Amino acid sequence: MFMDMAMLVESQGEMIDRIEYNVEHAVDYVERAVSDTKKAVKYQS
Amino acid sequence: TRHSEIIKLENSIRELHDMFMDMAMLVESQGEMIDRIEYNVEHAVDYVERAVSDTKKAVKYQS
Amino acid sequence: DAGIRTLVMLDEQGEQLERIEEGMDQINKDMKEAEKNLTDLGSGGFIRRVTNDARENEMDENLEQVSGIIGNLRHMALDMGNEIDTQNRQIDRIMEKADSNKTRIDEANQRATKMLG
Amino acid sequence: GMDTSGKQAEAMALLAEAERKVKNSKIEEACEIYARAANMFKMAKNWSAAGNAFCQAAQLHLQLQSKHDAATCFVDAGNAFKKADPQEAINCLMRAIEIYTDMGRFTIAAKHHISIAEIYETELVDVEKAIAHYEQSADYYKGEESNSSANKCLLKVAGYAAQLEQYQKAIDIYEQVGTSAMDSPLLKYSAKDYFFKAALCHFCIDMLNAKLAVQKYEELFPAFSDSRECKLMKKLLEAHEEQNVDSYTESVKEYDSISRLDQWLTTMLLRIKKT
Amino acid sequence: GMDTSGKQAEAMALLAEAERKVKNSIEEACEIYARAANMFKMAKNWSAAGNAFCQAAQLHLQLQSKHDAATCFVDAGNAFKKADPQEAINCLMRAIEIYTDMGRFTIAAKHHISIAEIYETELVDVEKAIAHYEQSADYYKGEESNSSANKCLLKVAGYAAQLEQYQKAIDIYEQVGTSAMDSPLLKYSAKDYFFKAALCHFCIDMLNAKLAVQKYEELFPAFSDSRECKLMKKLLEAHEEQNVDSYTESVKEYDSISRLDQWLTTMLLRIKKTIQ
Amino acid sequence: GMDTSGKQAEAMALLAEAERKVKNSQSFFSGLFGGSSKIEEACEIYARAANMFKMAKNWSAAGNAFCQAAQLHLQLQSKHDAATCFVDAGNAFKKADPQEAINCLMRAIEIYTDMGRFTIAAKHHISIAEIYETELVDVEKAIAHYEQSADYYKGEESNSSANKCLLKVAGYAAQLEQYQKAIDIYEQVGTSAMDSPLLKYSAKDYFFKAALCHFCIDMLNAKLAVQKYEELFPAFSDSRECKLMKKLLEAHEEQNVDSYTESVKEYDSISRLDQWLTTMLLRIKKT
C-alpha cells in the first residue's frame, strides 16, 4: 500500500512544477506589459 | 501477556490502515483539483496574451 | 524508505505551492494597478516455549524487532498526515484568485472594445 | 472590554458616514464605501448587524451593473449570517447558487449546496430537507464527472436514509458505491467495508435472506471472506438462529477489543440484537 | 416539476431567437446558443445539448476563433458521452485535431486516453483501444512524461498478451523492467514485470521460458532470491515430467500464500491445459 | 505508413513556400516598406513546419526550423520569443542531436539571465548538467553546472532544492577520490535537516555516508567522528548504521577481513546495497 502511494505523490509533484513554470511566464509578461503601458502613457501625456 | 501484545500489534496495524484509507482518498481529490487548475491557468494566460496583442495592433494602426 | 521519500517529496510540493500562491497574488495586484492606470489614461516474549530449542529464540527475536519498526511507522504516518491537509486548503485558495483574475481580464478587454465604438 | 466598544463605535460611525455620502457615478462610490463599512462592522464582530449591513450592500451592488460582485457579496453575507437567523442566510446562499448556475459554474453551486445542507442538518432537526440538497449536489457533481464528491454525498445520504429506516435506498446506494469502488483499481481496499454495511441493513428486513445476500457478496468479491467483518456477520447470524444472548454479545466484545465501534454501527447493532 | 417544461420552453425560445438573429444576416447568437445549451443540460435533456453546443462551436469557428471552439467541442463530446457514445468520439477527434495542430500535445494525449477508455468500457473493441493508447503513449514519451507513457505501455502490453501474440508483451515488459531496475524508488517492483514476461514465454514453449529466466537471473541477481523464480523453476521441473499433480500442488500452495490477480490465473490455466 | 511520406512531403513544400516568402520579403520591404508583417508570417510558417516535423518523428527538421524561426525573430529585436524558440530547438536537439542543444540552451540561459530571471537559468543549467551526465562521463562540467544552479537557487532563497543539488555534487565528488568536499557537504546537510520536522527522519542517513567517506582517510579519525555525531544526535545510536560501523571497526582493528566481509554479506542480505555503497565498501576493504 505504501508502494501504491509513492507514484501518486510523484505525479502530483511534477504537475506542480509545470504549473509553476506557466505562472512564471504569465507574471513576466504581465510586468513587461505594465512597463510598456507606463512608457506609452507617460510619453504621450 | 500474549493477548495484550498481540492485540496491541493488531491495533497498530489497523490504525495505519485507516489513516491510509483517509489520505489516499484525500490525495486523489487533490489530484483532480490540480488537474482542473492547470488548464484554467493555461487558458487564462493564452487569452490575456491574445487580447493584449489585439491592443498593440489596434493602437499601432491608429498611431 | 518509501515512507521517507514520500515525506520529503511532499515537503517540496508544499514549498512549490506556496511559491505559486505568491506569484498569483503578485499577478492580481499588478493587473489591477495596470487596469486602473489605463482607465486613468483618459515484552517478555512472543511465543510459547513448547520445546525451547534455538529455533524458538530467533523467531521471538524477529517478532520483537518487527514490533519496534511498526511503532516508528505509526509516528511517521501521522506526521506525514498533517502536511496534505494544509495543502488541500492552499490549493483551493489559489483557484478562486486565478478565476477572479481571468474574469477581470475578459471584462477589461470587453470594455477596451466597447469604449471605442 | 474596551476593544468591542471601540470597534463597534468605529464601525457605526463608518456606516453612518457611508449612508450620508450615498444620500448626497455615485452608485459605485456608495457601493464601495458600504462595503468598507461592512468590513469594519465584521471586524467589530457584531455578527447580526454586520450581516444585515453587508446584505444591504449586496443589494445595492445588485442595483449596480455587475454580477460577479453581486454573487461574492451574497456568499459573504450568507457566511456572516451563518451565526445568525438561518433562514436569511439560506435565502441569500440560494440566490447565490442560482446566479452561479445561471453562469454555468456547477461546481461552486454544488459546494454551496453542500454548505447549506450542512448548516441545515447541524442547526435544525429537520433532516429530510437536507437530503434534497445533498441529492442535488450529488447530481451536479456526477454531471461534472467529479466521482469523489458524488460518492461522498451518496454515502452521507445513504447513511441518513438507513437511520430513517428506509433500508432500500441505503442498500441500493451502498451496493452501487461498493461495486464501483471494487471496479476502480484504487480505493479497492475500502470496498469490503461497504459490503458489510449493506448486510446489516438487509438484516433488518429478515434473517433468512441475509444468508443469500452474504453468499452473493462472497461470490462477487472473494476477498471479503478473509475480512473479519464477514466472520463476525456469519457468526452473529449463526448465533441468532438460537435465542441465546451471550453468544452475539461475546462476539461483538471480541471484535470491539480490537477497534471501538462507532455510534451508528452500535445503534444499528442494538436494534438488530434487541429483536 | 416546473423545471422540465419551463427550461425546455425557454431553451426552444432562445434557440428560435438565435436562429432569427442569424437569419438577419453575430456573437450574441453564439452566447444565446451557449445559454440555451446550458439550460438544456440543467434540464437533464442530455441529448440535443451537444447539438446546440456543436452549432455554437461551428458559428464561433466561422470567425477564425479556435480556442473556445475546441473547448466547446470537447464540452459537446463529453455531454454526448453517456447519451450517444458514437458522436462523442467524432467530437473528441475534432478537438484532438485542432489541439495537435496548435501543438498542445498534452491535451491531445489526455483526449486520446479518454477515447480509449470510452471505447474499452461502453463499446467492445480492443484494436482501437490499443491504437489510441499507443498514440497517447507516443505523445507523452515525446513530451518526456515517463510515468504516463509507462502506464499506457503497460496497459497495451496487458491487452496484447490477453489476445495478441506474446512478442509485444515480452518486449514491453522487458523494456519497462529494465528501465525501472535502475530507478531508486521503483526498483522494488521490478521483479513483478520480469516474472510476467517469463510467463508469456511459457505459452510458446518450455525451452524459451527456461532460457529467458536464465537470462533474467543473470541480468538481475535479486530475481534469484525472489519467490517467483523458485515457483517458475518448480513449475518447469514438474511440467518436464508430464505430471499434472505437481503442477497443481505448487500452484495451489503459491495461491494459498498469496491471492491471484485473475491474470496469472488465466496464464496458469492456459499453461496447464497444454501440458498434455 | 502514409504518415511518414505524406508529412515529409507536405512539410517540405510548406518550408519551400516559407523560403520563397522570406526571399520575397526583402523585395517587398525595399519597394513598399511593408514593415514586419511578412517576416512575422514567415516566422509563423517556420513554427508550424517545425511542429509538423515534430509530429512526423523527424526531430532534426523540427530543430532546424525552430532555429531558423528563432534567428529570424531575434533579428526582429524580440529576445523573448527568440529564447523560447531556441529552447524548443534545444529540446529537439536534445531529442535529435544534443551537442547543438548545449549551445542553444546556453544562449537561452544568457538571454534569460540578462533580465535577472534566475530560476529559469538554474533550471536550464540543471537540464544541461543532466544532458552531460546521461551520455558523457565528463563529470567536471556536470559539477560546474550543478554548483552554478545551486548558487542561483540559494541566491533566490529557495531552500530544499539547492540541498539536492549540493547532495548530487558531493556524491559525485566522492567518486573522484576527493573526500573533504563530500564530508563537508554531507555534515552540513545533515545538521541542517536535523531540525526540520519532516526531514528529521532522513537526517541520520546523511551522517552514515560522511562516516564512510571519512573512513578512507584513516581509521582513527573515523572512530572519533562517530562519537562527535552520537553525542549531538543520540537517536543515531538506534539506527543499524551505528552497529554496522562499530562491527566493521572491530573487525578491521585486527585485520579480520573475514568478519568484516561476513557482516557486510549479512547487512546486504537483510537489505540490498547500493552501487555507491558497494564500491566504497570494496575500496575500504582493500586496506
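The numbers used for chain B are those of Swiss-Prot, and the residues that appear cover 197-259, in sequence.
Backbone N, Cα and C define each Cβ position, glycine as well.
As annotated by Swiss-Prot, SUMO cross-link applies to B:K252 (among others). With a 10 A radius on its CB, B:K252 (SUMO cross-link) counts 11 other CB atoms from all the protein chains. Secondary structure at B:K252 (SUMO cross-link), taken from DSSP and collapsed to helix, strand or coil, is helix.
The Cβ of B:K253 (SUMO cross-link) has no same-chain neighbour under 8 Å that is 6 or more residues away in sequence. Summarising the annotation, Swiss-Prot assigns SUMO cross-link to B:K253 (among others).
If you look up Swiss-Prot, you'll see B:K256 (among others) marked as SUMO cross-link. B:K256 (SUMO cross-link) has a Cβ environment of 9 other Cβ atoms inside 10 Å.
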